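Here's the structure we're looking at; comments come further down.
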Amino acid sequence: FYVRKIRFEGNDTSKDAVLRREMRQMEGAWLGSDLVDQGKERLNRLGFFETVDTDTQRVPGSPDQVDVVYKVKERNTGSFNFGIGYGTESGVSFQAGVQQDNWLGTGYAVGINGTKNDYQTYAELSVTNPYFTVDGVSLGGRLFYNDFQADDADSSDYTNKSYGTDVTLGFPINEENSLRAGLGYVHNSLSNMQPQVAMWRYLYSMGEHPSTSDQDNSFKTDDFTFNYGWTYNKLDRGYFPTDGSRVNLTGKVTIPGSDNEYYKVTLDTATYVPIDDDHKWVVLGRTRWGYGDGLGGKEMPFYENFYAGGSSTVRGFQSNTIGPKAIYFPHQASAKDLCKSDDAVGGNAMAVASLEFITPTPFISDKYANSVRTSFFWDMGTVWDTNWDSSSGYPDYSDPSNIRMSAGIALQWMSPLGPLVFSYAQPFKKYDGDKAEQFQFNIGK
């Protein structure tokens, strides 16, 4: 018996000539099991396969010829994910999931994700194909479920169960630049809303005028959107930058087939300026911007509002407190006129800025220095409601000018339990109903 052809079945991503080198069986030359078995074990030495087996196939219409088939399977192990942590005004957060790129030689990248915290429960099904022509260009699919409990996020009472879809293109415009664009669908099921002037104005705008009696009432919507974005990143290191910037522009727009008629746009900038030779003293320039409104006829959805205050925006203020507050019709909590509250609602417009100064950590003169970052900050921000008709006795929520600020210290440490962050700030400039939260902490999400 003699070998005619040495075939490689399941040679998906590994090259043909590569696998031909790791086996010394000559074509045309006499077949020997000794040379077949040695090629299989050498293919395992490469370690790019889970299972390698030999199968000598007989040639059709030949009493002598035999084809040597090496049936191989590449071990593309999927990504497994799990996450636990704490944070002031977010509480105990659970972030677990699982993604697979090899599924099922399509060759799309499929994944199932999940999130659970005090106010939000999220779940998604992802499907996207990278390469996809010239560069890592993509067309993505997203099937999501979301449950938001406004009372638990420090806002005025309501509950919004969301179901929707995403069809997003991801053009990599540079090594440091990305540009995404997509289509969307979103079903929002608003329920148990607490009556106030700020959210009843949008329901009166949508033509769905409800009751002012008590909490129980529904409002289901269906929307189709065009999503766009851009991400610039020139940060020297990932998690503790010293030089470079990061810009994120992510705005959406409603299609004329949707129930809601609105547009919303956001901008987030981070600028790191090192003032030395060893990048020990650095100045961080962070800014966050947001704007949206009811594009013709009606007002923008209050679930799409902008919020400020807390660990990620303005420290010294409890989560979501900065900006407008709810003006209730009956009573507030556990009367025959309007009731102004301390409970935030957010706004269609917000501007946040922050000047931070990172210094070397005192008391630590070691190689443990690149683990902890000490910073002194000055945080500033405001959120307002464009459509708040002051034509009253209640505060002008349409006024941008009342910008609230804080000063404080910050500590970041790559702790044995994961990323640890704690801040302590004084809210030196506060306005009517703004709630303070001096010490704020966040552990490894």
Among the range 364-385, those whose backbone N falls under 20 Å of a label point 7 Å along Cα→Cβ from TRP289 are 379-385
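Please state the charge dipole magnitude for the range 307-437, taken about the Cα centre, from unit charges on C-beta atoms (+1 on K and R, -1 on D and E), reported in debye and rounded to the nearest 20. The partial results should precede the final answer.
On the way: 10 positive and 13 negative charges, 77 e Å.
Taking the Cα centre of the range 307-437 as origin, the dipole is about 380 debye.
Which length gain, in nm to one decimal place, applies between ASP216 and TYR145 when the Cα-Cα distance is subtracted from 0.36 nm times their residue separation?
23.3 nm
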Could you give me the ³J(HN,Hα) list for the range 170-183, computed from phi with Karplus coefficients 6.51, -1.76, 1.60 and θ = phi - 60°, whole Hz, x at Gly and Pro? x, 7, x, 6, 5, 5, 9, 10, 9, 9, 9, 8, x, 10
Roughly how many nanometres apart are two label points built 7 Å out from the Cα toward the Cβ at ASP37 and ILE275? 7.4 nm
When only C-alpha pairs under 8 Å and at least 6 residues apart count, what is the relative contact order of the range 1-75, in percent? 43 percent
Given Cβ point charges of +1 (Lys, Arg) and -1 (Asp, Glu) and nothing else, what value in debye, to the nearest 20, does the dipole of the range 76-445 about its Cα centre take? 560 debye
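Net charge near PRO324, counting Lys/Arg +1 and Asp/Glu -1 over other residues with Cβ under 12 Å of its Cβ? Display every interim value, and only then the final one.
Values: positive: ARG201, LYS325, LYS340; negative: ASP342, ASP343, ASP385, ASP396, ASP399, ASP432, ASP434.
For residues surrounding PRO324, the net value is -4.
For the range 284-344, what class follows from the C-alpha gyration tensor (a ≥ b ≥ c being the square roots of its eigenvalues): rounded when a/c is under 1.5, otherwise prolate if a/b is larger than b/c, else oblate? Show your work: numbers first, answer last.
Details: a/c = 3.82, a/b = 1.31, b/c = 2.92.
It is oblate, given that a/c is not under 1.5 and a/b is not larger than b/c.
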Sum of side-chain charges, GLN38 neighbourhood, beta-carbon under 15 Å (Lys, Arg +1; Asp, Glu -1): +1
Would you please give the FRET efficiency between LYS367 and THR56, computed as 1/(1 + (r/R0)^6) with r the Cβ-Cβ distance and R0 = 56 Å, to the nearest 0.05? 0.45
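Is there a quick way to get the dipole size of the range 57-172? I mean about its Cα centre, with the Cβ of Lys and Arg at +1 and of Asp and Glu at -1; what is the value in debye to the nearest 20? Show your work: numbers first, answer last.
On the way: 7 positive and 14 negative charges, 150 e Å.
About 720 debye.
One quarter of the convex hull surface, Cα atoms only: what value does that give for the range 119-225 in nm²?
On the way: hull surface 34.8 nm².
Mean projected area for the range 119-225: 8.7 nm², to one decimal.
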Here FRET efficiency (C-beta to C-beta, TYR232 to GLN438, R₀ 35 Å, nearest 0.05) is 0.55
Sorting check: for 376-382, 348-354, which peptide has the highest mean count of neighbouring beta carbons within 10 Å, and how do the rest follow? 348-354, 376-382
For the range 160-215, state the semi-axes of the equivalent ellipsoid (square roots of 5 times the eigenvalues of the alpha-carbon gyration tensor), sorted largest first and rounded to whole angstrom. 38, 13, 10
Can you compute log10 of I(q)/I(0) for the chain with the Debye formula, treating each Cα as one identical point scatterer, at q = 0.06, 0.07, 0.12 Å⁻¹? -0.39, -0.51, -1.12
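For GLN332 and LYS73, what is the calculated FRET efficiency with R₀ set at 45 Å and r taken between the beta-carbons, to the nearest 0.05? List each step's numbers first, then the result.
Details: r = 64 Å, r/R0 = 1.42.
Step by step, r from the Cβ atoms, then E = 0.10.
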Can you list residues whose amide H is under 5 Å from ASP343's amide H, if they're 5+ apart or on another chain and H is modeled 1.01 Å from N? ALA326
Answer rounded, prolate or oblate for the range 241-352, using the Cα gyration tensor with square roots of eigenvalues a ≥ b ≥ c: rounded when a/c is under 1.5, else prolate when a/b is larger than b/c, else oblate. oblate
Among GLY408, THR212, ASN102, which residue has its Cα positioned farthest towards the positive end of the charge dipole of the chain, with +1 placed on the Cβ of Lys and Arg, -1 on the Cβ of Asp and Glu, and the dipole taken about the Cα centre? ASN102
Listed residues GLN25, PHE49, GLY85: farthest to the positive end of the dipole of the range 1-95 (Cβ charges): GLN25
Averaging over every viewing direction, what projected area does the convex hull of the Cα atoms of the range 289-445 cover, in nm²? 12.5 nm²
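Which of rounded, prolate, oblate describes the range 1-75, given a ≥ b ≥ c as roots of the alpha-carbon gyration tensor eigenvalues and a/c under 1.5 marking rounded, otherwise prolate only if a/b is larger than b/c?
Details: a/c = 2.15, a/b = 1.78, b/c = 1.21.
It is prolate, given that a/c is not under 1.5 and a/b is the larger ratio.
Stretch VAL66-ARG21 to full length: gain in nm at 0.36 nm per residue minus the Cα-Cα span? The partial results should precede the final answer.
On the way: separation 45, 0.36 × 45 = 16.20 nm, distance 2.01 nm.
The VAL66-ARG21 span can extend by a further 14.2 nm.
Note that we place each Cβ from the backbone using ideal geometry, even for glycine, and neighbour counts take in every protein chain shown. Rule-based calculations on the coordinates, nothing more; no lab input.
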